[PDB]
């Protein structure tokens, strides 16, 4: 039978299956992908270790991969983002998953290592990564197993301390050569997110990347949809569920005006806030001003905004000094990927009063307070349900095609140990698969029209440098 999982509560599986089924209707790209490739079973023989937010949307991805023949083990890539009913449904479907909403950082890393303990013996031969954590376990352990262990002795953060301790433990406990075995078996890794892509390009440029990688983040139908439209929908959802505050009449500050900040500022303005923005990039700042946002510094915003959202991917955006200047019961949250955008650690010796899960009131010596959401981690996934299914279908269709590329379309070793992106025609295919469900009717070029603009009728329609 099947017992190989760790979830909050398996009795949530029925509720998970109901919402998965509903999500399927909202994820036409993944469902069409099942129909197209189901008969050819291109992932038969794949052993996919997946590390990505264990949500309802990711469940539809998991089952798509399975529908295509893949064998799978899964973990979440964040401690708070798991939806426990999604995890229980996957476990009940007989797929190993180690994901609990609110697991500790120590648990998180121990679960990541369970990805590589393949059921029935052996290791994975594919990785599907969001943030590069599974990829980093392999590379760090390989590095150390070869004899370069110095870096493990000097961790740079609390989380890095736990991660390095994991690598040491695995080196002690596993058979000699375990990391080299893993690295040689991985046929490829498709990476979802800017932080992991950064790690890939760094490894690729030092010659230490161990297997081919596909950068799904820079697919057009990911990077121009996922956070732009996803954050537009899910950022205010998080804030409403956390606080139930009236947004009309409030002033909000968004730090950063990349894809995440863009979608986040739109979410708050559409909901009725008067939105201010900070930026270090003069082009991004100009975009913000042209969209009608006042562009200011955090020192300017600190005493006056009602709501603060960090969206920079940098560190020390909202400091202790900012939060001391904040008005009483100002709301503070983060939708960047790490919890160091806000100086959370500097608040830990203040009085915290829990309101409900992922909502805390923090009181300062002068007795003014702030409302912190999700302890300064991803507010959309921590306080609500993350991005809705339809946009995640686009990202996850890219992931599915990327797995097929690496696992089934590398007979000629067109993918070496470097970072690739999907070709534009597959990118366009992802979009195509999502048009019928929302009633889009695409115009077909006549031959004379296609020649007139220098494209084939069937695409690709734009050069590879086109920015959309």
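Numbering follows the first chain given and starts at 1. Just so we're on the same page, rigid core means the largest C-alpha set that superposes within 1.5 Å between forms.
Core-fitted comparison in 4 other deposited structures of this protein shows that, between 262-270 and 136-144, the CA atoms farther from the shown form belong to 136-144. Between stretches 373-381 and 146-154, the one whose Cα atoms sit farther from the displayed model in 4 other deposited structures of this protein on average is 146-154 (core-aligned, root mean square). Checked against the record, the higher mean CA B factor of 356-364 and 254-262 lies with 356-364. When 453-461 is weighed against 20-28, 453-461 comes out higher, by mean CA B-factor as recorded in the entry.
Across the options 173, 306, 129, 237, the residue with the most elevated CA B-factor in the record is 173. The maximum CA B-factor among the listed residues 269, 101, 143, 232, taken from the PDB record, is found at 101. When the modelled residues of the chain are ordered by their C-alpha B factor, residue 107 lands in the highest third. Among the modelled residues of the chain, residue 120 sits in the highest third by CA temperature factor in this PDB entry. The PDB entry assigns residue 201 a C-alpha temperature factor belonging to the highest third of its chain's modelled residues. Among the modelled residues of its chain, residue 288 has a C-alpha B-factor that falls in the lowest third according to the deposited record. Among all modelled residues in its chain, residue 440 ranks in the middle third by Cα B-factor.
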